[PDB]
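I have placed the structure first, in the form of structure tokens, so that the comments after it can refer back to it.
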Amino acid sequence: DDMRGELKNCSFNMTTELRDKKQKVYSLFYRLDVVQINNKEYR
Amino acid sequence: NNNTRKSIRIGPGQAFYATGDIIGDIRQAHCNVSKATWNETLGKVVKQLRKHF
Amino acid sequence: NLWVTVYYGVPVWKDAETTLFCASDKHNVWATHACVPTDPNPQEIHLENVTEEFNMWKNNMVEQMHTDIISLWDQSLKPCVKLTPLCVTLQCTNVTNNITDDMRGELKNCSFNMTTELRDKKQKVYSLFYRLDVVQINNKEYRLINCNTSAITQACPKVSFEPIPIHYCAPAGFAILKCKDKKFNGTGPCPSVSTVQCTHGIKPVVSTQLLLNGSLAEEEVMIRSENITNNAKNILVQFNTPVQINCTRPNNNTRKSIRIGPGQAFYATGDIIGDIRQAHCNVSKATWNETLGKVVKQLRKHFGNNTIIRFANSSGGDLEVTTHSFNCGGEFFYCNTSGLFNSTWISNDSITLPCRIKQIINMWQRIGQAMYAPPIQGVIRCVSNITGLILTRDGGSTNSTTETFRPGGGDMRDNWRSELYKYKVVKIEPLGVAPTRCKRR
Amino acid sequence: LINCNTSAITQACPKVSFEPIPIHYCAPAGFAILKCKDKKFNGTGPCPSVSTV
Amino acid sequence: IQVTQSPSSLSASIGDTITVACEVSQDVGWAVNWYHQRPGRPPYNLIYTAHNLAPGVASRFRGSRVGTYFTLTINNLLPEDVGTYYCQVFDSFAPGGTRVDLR
Amino acid sequence: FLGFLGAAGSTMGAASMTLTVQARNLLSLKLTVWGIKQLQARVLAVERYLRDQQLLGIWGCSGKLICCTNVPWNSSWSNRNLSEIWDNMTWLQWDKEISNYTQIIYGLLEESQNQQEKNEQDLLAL
Amino acid sequence: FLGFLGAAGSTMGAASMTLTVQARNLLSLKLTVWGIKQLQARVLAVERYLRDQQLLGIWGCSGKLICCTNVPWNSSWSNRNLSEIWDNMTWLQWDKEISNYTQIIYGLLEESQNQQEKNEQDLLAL
Amino acid sequence: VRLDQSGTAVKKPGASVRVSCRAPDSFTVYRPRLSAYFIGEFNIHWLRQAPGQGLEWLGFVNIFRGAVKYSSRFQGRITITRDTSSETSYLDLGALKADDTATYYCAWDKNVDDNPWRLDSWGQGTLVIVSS
Ligand SMILES: *[C@@H]1O[C@H](CO)[C@@H](O[C@@H]2O[C@H](CO)[C@@H](O[C@@H]3O[C@H](CO)[C@@H](O)[C@H](O)[C@@H]3O)[C@H](O)[C@H]2NC(C)=O)[C@H](O)[C@H]1NC(C)=O
Ligand SMILES: *[C@@H]1O[C@H](CO)[C@@H](O[C@@H]2O[C@H](CO)[C@@H](O)[C@H](O)[C@H]2NC(C)=O)[C@H](O)[C@H]1NC(C)=O
Ligand SMILES: *[C@@H]1O[C@H](CO)[C@@H](O[C@@H]2O[C@H](CO)[C@@H](O)[C@H](O)[C@H]2NC(C)=O)[C@H](O)[C@H]1NC(C)=O
Ligand SMILES: *[C@@H]1O[C@H](CO)[C@@H](O[C@@H]2O[C@H](CO)[C@@H](O)[C@H](O)[C@H]2NC(C)=O)[C@H](O)[C@H]1NC(C)=O
Ligand SMILES: *[C@@H]1O[C@H](CO)[C@@H](O[C@@H]2O[C@H](CO)[C@@H](O)[C@H](O)[C@H]2NC(C)=O)[C@H](O)[C@H]1NC(C)=O
Ligand SMILES: *[C@@H]1O[C@H](CO)[C@@H](O[C@@H]2O[C@H](CO)[C@@H](O)[C@H](O)[C@H]2NC(C)=O)[C@H](O)[C@H]1NC(C)=O
Ligand SMILES: *[C@@H]1O[C@H](CO)[C@@H](O[C@@H]2O[C@H](CO)[C@@H](O)[C@H](O)[C@H]2NC(C)=O)[C@H](O)[C@H]1NC(C)=O
Ligand SMILES: *[C@@H]1O[C@H](CO)[C@@H](O)[C@H](O)[C@H]1NC(C)=O
Ligand SMILES: *[C@@H]1O[C@H](CO)[C@@H](O)[C@H](O)[C@H]1NC(C)=O
Ligand SMILES: *[C@@H]1O[C@H](CO)[C@@H](O)[C@H](O)[C@H]1NC(C)=O
Ligand SMILES: *[C@@H]1O[C@H](CO)[C@@H](O)[C@H](O)[C@H]1NC(C)=O
Ligand SMILES: *[C@@H]1O[C@H](CO)[C@@H](O)[C@H](O)[C@H]1NC(C)=O
Ligand SMILES: *[C@@H]1O[C@H](CO)[C@@H](O)[C@H](O)[C@H]1NC(C)=O
Ligand SMILES: *[C@@H]1O[C@H](CO)[C@@H](O)[C@H](O)[C@H]1NC(C)=O
Ligand SMILES: *[C@@H]1O[C@H](CO)[C@@H](O)[C@H](O)[C@H]1NC(C)=O
Ligand SMILES: *[C@@H]1O[C@H](CO)[C@@H](O)[C@H](O)[C@H]1NC(C)=O
Ligand SMILES: *[C@@H]1O[C@H](CO)[C@@H](O)[C@H](O)[C@H]1NC(C)=O
Ligand SMILES: *[C@@H]1O[C@H](CO)[C@@H](O)[C@H](O)[C@H]1NC(C)=O
Ligand SMILES: *[C@@H]1O[C@H](CO)[C@@H](O)[C@H](O)[C@H]1NC(C)=O
Ligand SMILES: *[C@@H]1O[C@H](CO)[C@@H](O)[C@H](O)[C@H]1NC(C)=O
Ligand SMILES: *[C@@H]1O[C@H](CO)[C@@H](O)[C@H](O)[C@H]1NC(C)=O
Ligand SMILES: *[C@@H]1O[C@H](CO)[C@@H](O)[C@H](O)[C@H]1NC(C)=O
Ligand SMILES: *[C@@H]1O[C@H](CO)[C@@H](O)[C@H](O)[C@H]1NC(C)=O
Ligand SMILES: *[C@@H]1O[C@H](CO)[C@@H](O)[C@H](O)[C@H]1NC(C)=O
Ligand SMILES: *[C@@H]1O[C@H](CO)[C@@H](O)[C@H](O)[C@H]1NC(C)=O
């Protein structure tokens with residue numbers, strides 16, 4: 001109950017070894033590290 | 001939480017260490033302080049603090 | 001009776017470790033300009049009656065040299081363009097115009113999109129990369145080899161990689177003891193100690209299997225090893241005579257400048273004028289045979305007269321160890337040297353060694369950084385002396401007298417032990433106390 | 001930008017002032033600075049009136 | 001180089017003091033290492049340089065050098081010491097080893 | 001004349017004749033590796049000289065290459081004959097066989113100098 | 001023996017008896033913050049020691065822990081009795097009450113040393 | 001240092017075998033004066049133990065640039081290589097014979113001049129069985 005919304009499962013486009021090639025990967029960020037932008041968009 | 005460090009290569013020799021999926025239940029990180037010990041320490045502190053007031 | 005008398009300036013020294021500053025007699029990688037100008041006439045003083053213990057294997061000077069060389073190599077690289085945008089998909093095609101049999105597939109004609117001076121604008125350029133520099137991705141798609149686990153930084157083209165001799169000079173209150181014994185192996189006392197303010201001209205040449213441009217033994221070929229019984233310690237060989245080595249890069253290479261951003265230039269490899277041949281190092285067959293004969297003659301002492309000595313090539317590993325790698329006029333070679341250590345020994349002609357070229361060099365094996373050597377315009381050609389060997393004896397059964405020796409290396413410290421073998425660092429202790437019949441008034 | 005094909009610019013930090021502040025160059029101990037007091041001194045040759053600072 | 005070590009096997013009761021020999025054919029200085037292998041278990045370093053204890057090894061283990069004659073001495077033997085002993089000199093391992101078991 | 005450490009292997013008397021030549025060599029840019037090494041070497045030389053100068057000064061022997069004191073020879077440090085020491089030995093061995101007794105000798109020299117000076121104070125005052 | 005600053009609270013005479021122990025402690029890598037701080041500290045220590053040694057040298061008292069001079073003591077600085085000073089006072093208060101007259105004393109010391117040395121030269125030449 | 005090896009392998013005579021040995025986070029060292037993670041000059045030794053027999057030494061590889069020294073009893077059919085990126089060592093034995101049935105161990109050598117051929121840490125061992 002206390003952990004509801006504290007984690008965020010964020011997936012983003014990230015650059016890879018080959019500069020032209022892009023890459024999609026996901027990671028977990030705590031709610032205090034990401035802010036909403038006005039699923040939803042975060043940074 | 002039993003966190004996993006997932007290495008994400010964002011460039012030449014540059015690695016960004018991300019947070020992978022957590023194995024098992026996800027709980028709240030917490031700290032524990034003995035109630036009696038903390039109460040005794042607070043009692044000593046308040047006893048020593050009455051002198052200045 | 002007797003009384004304690006204090007003396008100042010007595011000739012007493014203890015073994016000690018200290019920082020040694022540089023002195024030397026275009027801008028270079030070693031920053032020899034920063035070295036203080038050495039005296040035109042070095043002072044060398046003969047310490048007769050003196051027998052001082054020496055041990056080059058536990059000498060600090062080799063470690064301090066290693067640290068200084070790597071620090072200089074790193075510092076000379078900081079104000080240079082970083083080729084992080086080069087890690088882009090490459091479209092490489094076979095180069096098959098005026099190429100020989102041995103050169104089939106060793107060079108690649110890669111074309112790639114590259115960032116123009118205007119950030120939004122992009123340009124398509126092409127460059128020539130050796131096969132050892134590019135790896136296939138699974139015409140075909142390639143990438144620079146180190147782009148997976150290293151950031152590329154181009155060596156500045158204007159700094160010379162040539163080894164300028166450097167003298168390691170100890171500060172005041174310290175002395176450098178030079179072992180002048182001509183029959184001195186690396187350990188044991190050296191009863192010919194002579195002090196000098198600092199060492200002779202040391203060229204920090206970077207080679208793996210053959211010791212280039214080094215200092216010669218005075219009388220005969222010497223075989224120095226920490227534990228000759230230990231078949232894992234490298235055997236330092238020093239030649240009493242020099243073995244000359246021609247070699248060159250026959251390709252008429254052209255440096256094409258590609259502007260990859262604001263004030264950032266990447267020097268590519270343009271079309272080669274004329275035919276394309278194989279880089280190869282020449283060694284005189286008779287001279288090499290004579291030197292090998294002297295080496296095996298001096299090597300029978302540590303193993304016995306009736307033993308069979310056989311020289312075999314490198315057993316395997318990375319390219320730097322399996323081949324004889326070194327720099328020559330700004331380019332890094334990787335020479336096979338399989339025809340050198342090939343004969344076996346029991347009780348005009350030249351040997352052509354096929355070499356290969358690399359541009360991505362990761363000397364010192366540093367995690368995260370690698371160097372891109374810019375191509376050298378014209379035909380490079382250098383003449384050097386093989387003044388040493390790095391031999392590693394194999395094991396063997398107890399039923400065999402055949403001791404197989406193979407070229408080794410990799411550890412640059414072993415290369416620099418062959419130049420700092422005769423020197424050591426001592427700390428002057430000028431206070432002495434001795435009983436005397438004098439008593440203060 | 002005219003720079004773009006010959007150089008890379010770094011913006012001067014706006015908070016640092018380019019205004020000239022007088023600064024005195026002082027020699028270490030064991031060294032002295034000789035100040036020529038001649039008002040007709042053209043810069044070459046002897047200076048009859050020398051004062052040290 | 002040839003290295004020999006003896007006896008081939010020995011049985012000792014709890015708490016006894018036992019020693020094992022490892023002879024080298026040539027002077028090698030102190031470059032002798034001692035290894036413990038429990039049955040069905042990977043070997044681990046026991047003594048290095050013939051007189052230095054490996055980390056985690058109890059002080060009851062002692063090694064000594066007599067010219068070309070090397071000895072590893074066991075004090076107050078305990079059940080976990082059962083197994084085989086090997087002495088290493090560079091690339092040479094003594095054949096067979098010495099199996100030590102409770103009596 | 002032989003030079004710096006010229007008489008290192010010579011006898012005691014010959015070495016003592018020429019202390020000055022080793023005495024003079026005890027003392028004689030950007031933040032580059034060579035520059036910082038040079039600076040550290042310079043400072044190290046300065047401090048190595050000054051430690052020795054301070055030690056000489058405490059014993060009341062500053063400015064004198066050879067200085068006699070009032071500390072008796074305990075004869076346990078070395079009972080060797082004077083002729084043997086000063087004609088058939090080098091400074092290196094002499095320092096070799098007194099490496100452990102040096103500190104107590106230095107302390108005796110320090111205390112003897114201090115008391116000597118205060119004694120002088122009384123006489124100069126009276 | 002008490003150690004460095006051991007006799008800090010002692011009387012004048014007892015403190016002067018052990019000047020050596022405080023006298024011997026005035027004198028005793030990359031460009032990292034710790035390294036640069038170490039180098040700055042080393043240079044500061046060596047310069048402070050040499051400033052003190054030079055200041056002693058000007059008064060012709062180099063190498064002497066306790067040295068006498070030839071300038072009279074004007075009672076304006078301190079008129080206290082000697083017995084009280086040397087038996088019922090510590091060096092801290094003594095420096096406390098003469099902090100202001102130090103410079104003129106140093107100047108008198110320098111002038112007296114120069115004049116005495118010139119007189120000695122005149123006598124040596126004649 | 002912890003060592004991890006591959007699982008059991010079953011092979012026929014004349015085949016080839018590859019056993020992996022991974023030593024995570026141990027291939028790199030921090031030279032302090034030089035201020036970077038460099039690949040240390042470690043040696044990974046490869047040893048095998050026949051059922052009920054003593055230990056036998058095969059060969060070792062130098063992590064720095066891949067220098068290899070091989071026992072003469074196996075020269076010509078043995079190959080030891082390491083991958084600095086994955087921090088793993090590979091043993092490649094060829095022309096396997098029925099007597100090669102043994103538990104193959106990979107060992108860690110700090111390569112310290114004062115302690116020659118110290119095998120400080122050992123893997124769990126890998127059973128390689130060959131039969132027809
Ligand atoms: C061992 O020493 C020899 C002699 O010092 C080195 O050969 C020298 O190599 C350099 C470049 O590698 C040559 O300099 C170049 O000369 C050409 C032609 O004059 C010039 O166009 C270049 O701009 C550059 O100055 C130098 O001439 C050459 N010396 C000779 C041939 O006598 C050799 O490289 C050394 N071995 C090494 C470093 O492994
Ligand atoms: C914090 O944790 C430590 C150890 O995890 C606790 O110490 C233990 O306390 C129990 C009592 O609950 C004893 O039985 C154990 O012997 C103790 N072990 C050690 C190693 O100290 C400590 O009590 C905990 N404190 C709080 C406030 O939770
Ligand atoms: C083999 O190498 C070892 C170690 O380098 C040598 O052992 C040293 O021997 C000297 C002899 O004077 C001792 O003073 C050292 O303490 C030893 N160091 C050790 C044991 O770490 C040994 O002498 C060498 N033997 C041969 C035959 O080369
Ligand atoms: C190395 O030696 C080889 C032969 O031993 C040289 O190759 C010859 O080069 C000349 C040009 O000078 C040609 O005319 C010959 O046909 C070549 N012989 C061959 C290819 O077998 C080579 O030039 C030498 N390299 C040097 C001296 O740098
Ligand atoms: C390396 O190249 C040099 C050229 O600089 C060779 O020296 C020449 O050798 C020939 C013999 O074939 C002589 O006729 C020339 O007079 C030499 N020129 C000199 C000394 O300037 C040298 O022989 C080559 N080394 C090898 C092993 O071939
Ligand atoms: C050392 O020499 C041997 C033989 O002289 C080389 O073995 C050859 O390796 C190549 C691979 O590049 C094979 O294609 C050949 O069939 C092998 N020949 C044999 C086994 O006789 C070995 O590569 C050489 N080592 C180096 C480092 O060059
Ligand atoms: C170093 O040279 C040797 C011989 O000069 C090379 O070994 C030969 O490689 C070719 C390549 O196919 C084989 O056909 C030969 O059978 C091999 N042996 C001989 C005696 O020629 C070796 O490959 C070279 N090392 C390299 C290229 O890295
Ligand atoms: C998602 O998480 C946020 C926490 O910032 C919370 O406010 C929101 O209600 C959550 N939405 C759902 C559907 O769980
Ligand atoms: C986060 O989302 C990814 C898919 O984008 C999924 O694979 C992963 O399991 C998720 N992690 C969670 C829900 O903790
Ligand atoms: C990555 O870019 C694609 C391109 O349209 C987009 O569809 C996708 O949502 C992006 N992924 C993100 C923003 O995580
Ligand atoms: C965390 O997960 C790993 C497997 O990834 C497991 O080995 C470990 O025991 C787990 N830790 C706990 C505290 O359960
Ligand atoms: C703390 O202890 C005092 C006296 O023992 C008691 O009066 C008080 O209620 C206690 N408070 C808590 C929070 O335990
Ligand atoms: C490489 O390819 C380019 C075209 O992308 C061509 O202009 C050039 O001549 C080629 N060079 C060689 C050596 O094949
Ligand atoms: C091009 O070179 C590669 C070497 O990397 C070779 O494998 C390939 O066969 C060559 N292509 C042709 C058409 O010869
Ligand atoms: C450059 O980018 C264009 C854009 O699609 C592509 O068609 C071309 O193949 C690229 N050239 C390379 C990767 O060499
Ligand atoms: C990068 O890719 C190359 C491609 O062959 C591979 O050999 C290398 O091991 C990779 N490095 C990694 C995954 O760190
Ligand atoms: C080296 O020289 C010393 C002294 O002459 C001698 O004792 C020793 O045997 C020589 N060889 C080695 C490998 O130390
Ligand atoms: C190479 O050897 C020649 C003599 O054969 C000599 O004159 C020359 O100085 C040597 N070059 C070096 C040591 O760099
Ligand atoms: C190399 O090519 C250039 C043309 O760019 C020419 O001027 C020069 O003479 C050539 N060098 C040789 C050795 O053929
Ligand atoms: C080198 O000398 C040996 C001496 O036995 C001889 O067998 C061999 O043929 C010689 N090699 C040559 C001259 O190339
Ligand atoms: C090595 O020597 C053998 C004969 O001893 C010869 O057949 C072979 O070609 C040689 N290898 C070379 C020259 O690379
Ligand atoms: C930069 O561009 C200007 C014109 O915009 C030109 O005159 C100048 O030569 C160029 N500099 C280069 C290409 O280095
Ligand atoms: C400055 O004055 C000196 C006076 O001697 C004279 O020699 C010198 O030529 C003058 N210089 C100029 C620039 O007039
Ligand atoms: C070396 O010793 C001999 C006799 O032992 C002596 O005559 C000679 O003077 C000594 N050397 C020096 C430089 O004094
Ligand atoms: C401290 O004061 C007492 C009494 O005044 C005295 O006896 C003692 O000697 C003093 N301490 C020292 C170190 O002199």
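Naming works like this for the structure tokens: A, B, ... for the chains as they're shown, residue 1 at the start of each chain, ligands 1 onward in shown order.
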
_Selection: 10 Å around region 34-40 of chain G, only C-alpha atoms, excl. self and same-chain fewer than 3 positions, as an MDAnalysis selection string_ = (chainID F and resid 39:40 43) or (chainID G and resid 29:31 43:45)

*Residues at most 8 Å from residue 382 (chain C), counting only C-alpha atoms, excluding those fewer than 6 positions away in the same chain, as a VMD selection string?*
chain C and resid 246 to 248 328 to 329

So that I can check the surroundings of residue 119 (chain H), please list as a PDB file with C-alpha atoms, in the first residue's frame every protein, DNA and RNA residue that reaches within 12 Å of it, counting only C-alpha atoms and ignoring chain neighbours fewer than 2 positions away.
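File written: part04.pdb
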ATOM      1  CA  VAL E  32      56.917 -23.601  -2.739  1.00  0.00           C
ATOM      2  CA  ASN E  33      53.135 -23.489  -2.357  1.00  0.00           C
ATOM      3  CA  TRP E  34      50.925 -25.845  -0.352  1.00  0.00           C
ATOM      4  CA  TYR E  35      47.392 -26.786  -1.397  1.00  0.00           C
ATOM      5  CA  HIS E  36      44.473 -28.444   0.397  1.00  0.00           C
ATOM      6  CA  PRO E  43      41.594 -27.238  -3.907  1.00  0.00           C
ATOM      7  CA  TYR E  44      42.456 -23.991  -2.156  1.00  0.00           C
ATOM      8  CA  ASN E  45      45.738 -22.297  -1.320  1.00  0.00           C
ATOM      9  CA  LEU E  46      47.100 -23.254   2.093  1.00  0.00           C
ATOM     10  CA  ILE E  47      50.706 -22.002   2.311  1.00  0.00           C
ATOM     11  CA  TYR E  48      52.436 -19.725  -0.194  1.00  0.00           C
ATOM     12  CA  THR E  49      56.196 -19.082  -0.456  1.00  0.00           C
ATOM     13  CA  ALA E  54      46.978 -18.082   3.153  1.00  0.00           C
ATOM     14  CA  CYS E  87      53.082 -28.975  -2.997  1.00  0.00           C
ATOM     15  CA  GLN E  88      53.673 -26.736  -6.010  1.00  0.00           C
ATOM     16  CA  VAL E  89      56.987 -25.599  -7.481  1.00  0.00           C
ATOM     17  CA  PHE E  90      56.389 -23.415 -10.541  1.00  0.00           C
ATOM     18  CA  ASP E  91      54.772 -25.603 -13.208  1.00  0.00           C
TER      19      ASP E  91
ATOM     20  CA  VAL H   1      38.113 -13.536  -5.914  1.00  0.00           C
ATOM     21  CA  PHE H  42      47.077 -11.200 -13.732  1.00  0.00           C
ATOM     22  CA  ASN H  43      47.516 -14.814 -14.788  1.00  0.00           C
ATOM     23  CA  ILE H  44      44.684 -17.332 -15.064  1.00  0.00           C
ATOM     24  CA  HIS H  45      45.984 -20.879 -14.683  1.00  0.00           C
ATOM     25  CA  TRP H  46      44.208 -23.959 -16.029  1.00  0.00           C
ATOM     26  CA  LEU H  47      44.541 -27.240 -14.136  1.00  0.00           C
ATOM     27  CA  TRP H  57      49.280 -28.103 -14.846  1.00  0.00           C
ATOM     28  CA  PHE H  60      48.185 -20.006 -18.023  1.00  0.00           C
ATOM     29  CA  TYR H 105      39.976 -26.026 -12.710  1.00  0.00           C
ATOM     30  CA  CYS H 106      40.736 -22.406 -13.536  1.00  0.00           C
ATOM     31  CA  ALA H 107      42.910 -20.626 -10.996  1.00  0.00           C
ATOM     32  CA  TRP H 108      43.705 -16.983 -10.306  1.00  0.00           C
ATOM     33  CA  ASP H 109      47.322 -15.809 -10.113  1.00  0.00           C
ATOM     34  CA  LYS H 110      48.151 -12.341  -8.820  1.00  0.00           C
ATOM     35  CA  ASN H 111      51.552 -12.602 -10.573  1.00  0.00           C
ATOM     36  CA  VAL H 112      53.492 -11.137  -7.645  1.00  0.00           C
ATOM     37  CA  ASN H 115      55.329 -15.099  -4.547  1.00  0.00           C
ATOM     38  CA  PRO H 116      55.941 -17.018  -7.788  1.00  0.00           C
ATOM     39  CA  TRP H 117      52.979 -18.958  -9.189  1.00  0.00           C
ATOM     40  CA  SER H 121      41.512 -18.488  -5.804  1.00  0.00           C
ATOM     41  CA  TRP H 122      39.984 -21.519  -7.490  1.00  0.00           C
ATOM     42  CA  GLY H 123      36.794 -22.184  -9.389  1.00  0.00           C
TER      43      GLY H 123
END

*Produce as a list in words the set of residues near ligand 15, where near means within 7 Å with only C-alpha atoms and all ligand atoms considered.*
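Selection of residues at most 7 Å from ligand 15: residues 89, 90, 91, 111, 112, 113 and 124 of chain C.
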
*asked:* Which residues are near region 111-120 of chain G? Cut-off 10 Å, only C-alpha atoms, ignore same chain within fewer than 4 positions. Put them as a PyMOL selection string.
replied: chain G and resi 57-61+69-71+105-107+124-125

Output N, CA and C atoms of each residue in that selection to a file, as a tab-separated table (two decimals), in the first residue's frame.
chain	number	residue	atom	x	y	z
G	57	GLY	N	70.20	34.29	13.06
G	57	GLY	CA	71.51	34.51	12.47
G	57	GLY	C	71.91	35.97	12.45
G	58	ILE	N	70.93	36.86	12.26
G	58	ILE	CA	71.24	38.29	12.23
G	58	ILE	C	71.81	38.74	13.57
G	59	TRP	N	71.27	38.25	14.67
G	59	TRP	CA	71.75	38.62	15.99
G	59	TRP	C	73.00	37.87	16.41
G	60	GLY	N	73.64	37.16	15.48
G	60	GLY	CA	74.86	36.44	15.83
G	60	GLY	C	74.65	35.38	16.88
G	61	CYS	N	73.53	34.67	16.82
G	61	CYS	CA	73.22	33.61	17.78
G	61	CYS	C	72.85	32.31	17.09
G	69	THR	N	73.36	38.92	24.69
G	69	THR	CA	73.59	40.05	23.76
G	69	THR	C	74.19	41.22	24.51
G	70	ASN	N	74.29	42.38	23.85
G	70	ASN	CA	74.85	43.59	24.45
G	70	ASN	C	73.95	44.79	24.22
G	71	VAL	N	72.66	44.65	24.51
G	71	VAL	CA	71.73	45.77	24.54
G	71	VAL	C	71.07	45.79	25.92
G	105	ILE	N	63.18	45.79	20.07
G	105	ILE	CA	64.19	44.90	20.63
G	105	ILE	C	64.95	44.21	19.51
G	106	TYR	N	64.24	43.73	18.49
G	106	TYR	CA	64.92	43.06	17.38
G	106	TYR	C	65.86	44.01	16.66
G	107	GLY	N	65.43	45.26	16.47
G	107	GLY	CA	66.29	46.24	15.83
G	107	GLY	C	67.54	46.54	16.64
G	124	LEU	N	90.81	42.45	14.90
G	124	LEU	CA	91.52	41.40	14.18
G	124	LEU	C	92.47	41.95	13.13
G	125	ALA	N	92.21	43.15	12.62
G	125	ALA	CA	93.06	43.69	11.56
G	125	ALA	C	94.22	44.49	12.12

Could you list, as a PDB file with N, CA, C and O atoms, in the first residue's frame, all protein and nucleic acid residues with an atom at most 10 Å from ligand 12, counting only C-alpha atoms and all ligand atoms?
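Output saved as out_1.pdb:
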ATOM      1  N   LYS B  35      12.464   1.890  20.691  1.00  0.00           N
ATOM      2  CA  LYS B  35      11.595   2.870  21.335  1.00  0.00           C
ATOM      3  C   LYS B  35      12.103   3.226  22.725  1.00  0.00           C
ATOM      4  O   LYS B  35      12.179   4.405  23.088  1.00  0.00           O
ATOM      5  N   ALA B  36      12.463   2.216  23.519  1.00  0.00           N
ATOM      6  CA  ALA B  36      12.924   2.476  24.878  1.00  0.00           C
ATOM      7  C   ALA B  36      14.253   3.221  24.881  1.00  0.00           C
ATOM      8  O   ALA B  36      14.442   4.158  25.665  1.00  0.00           O
ATOM      9  N   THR B  37      15.188   2.812  24.020  1.00  0.00           N
ATOM     10  CA  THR B  37      16.481   3.486  23.967  1.00  0.00           C
ATOM     11  C   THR B  37      16.326   4.935  23.529  1.00  0.00           C
ATOM     12  O   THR B  37      16.935   5.839  24.116  1.00  0.00           O
ATOM     13  N   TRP B  38      15.511   5.176  22.502  1.00  0.00           N
ATOM     14  CA  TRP B  38      15.292   6.542  22.048  1.00  0.00           C
ATOM     15  C   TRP B  38      14.608   7.371  23.124  1.00  0.00           C
ATOM     16  O   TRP B  38      14.937   8.546  23.312  1.00  0.00           O
ATOM     17  N   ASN B  39      13.649   6.778  23.838  1.00  0.00           N
ATOM     18  CA  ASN B  39      12.977   7.513  24.902  1.00  0.00           C
ATOM     19  C   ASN B  39      13.944   7.865  26.024  1.00  0.00           C
ATOM     20  O   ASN B  39      13.903   8.976  26.561  1.00  0.00           O
ATOM     21  N   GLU B  40      14.822   6.931  26.392  1.00  0.00           N
ATOM     22  CA  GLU B  40      15.812   7.216  27.425  1.00  0.00           C
ATOM     23  C   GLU B  40      16.764   8.319  26.984  1.00  0.00           C
ATOM     24  O   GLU B  40      17.106   9.213  27.772  1.00  0.00           O
ATOM     25  N   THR B  41      17.211   8.270  25.729  1.00  0.00           N
ATOM     26  CA  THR B  41      18.107   9.307  25.232  1.00  0.00           C
ATOM     27  C   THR B  41      17.414  10.663  25.205  1.00  0.00           C
ATOM     28  O   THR B  41      18.017  11.685  25.550  1.00  0.00           O
ATOM     29  N   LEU B  42      16.143  10.692  24.800  1.00  0.00           N
ATOM     30  CA  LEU B  42      15.392  11.940  24.830  1.00  0.00           C
ATOM     31  C   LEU B  42      15.232  12.448  26.255  1.00  0.00           C
ATOM     32  O   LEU B  42      15.275  13.657  26.497  1.00  0.00           O
ATOM     33  N   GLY B  43      15.033  11.540  27.209  1.00  0.00           N
ATOM     34  CA  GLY B  43      14.955  11.956  28.598  1.00  0.00           C
ATOM     35  C   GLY B  43      16.247  12.582  29.083  1.00  0.00           C
ATOM     36  O   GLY B  43      16.236  13.616  29.754  1.00  0.00           O
TER      37      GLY B  43
END
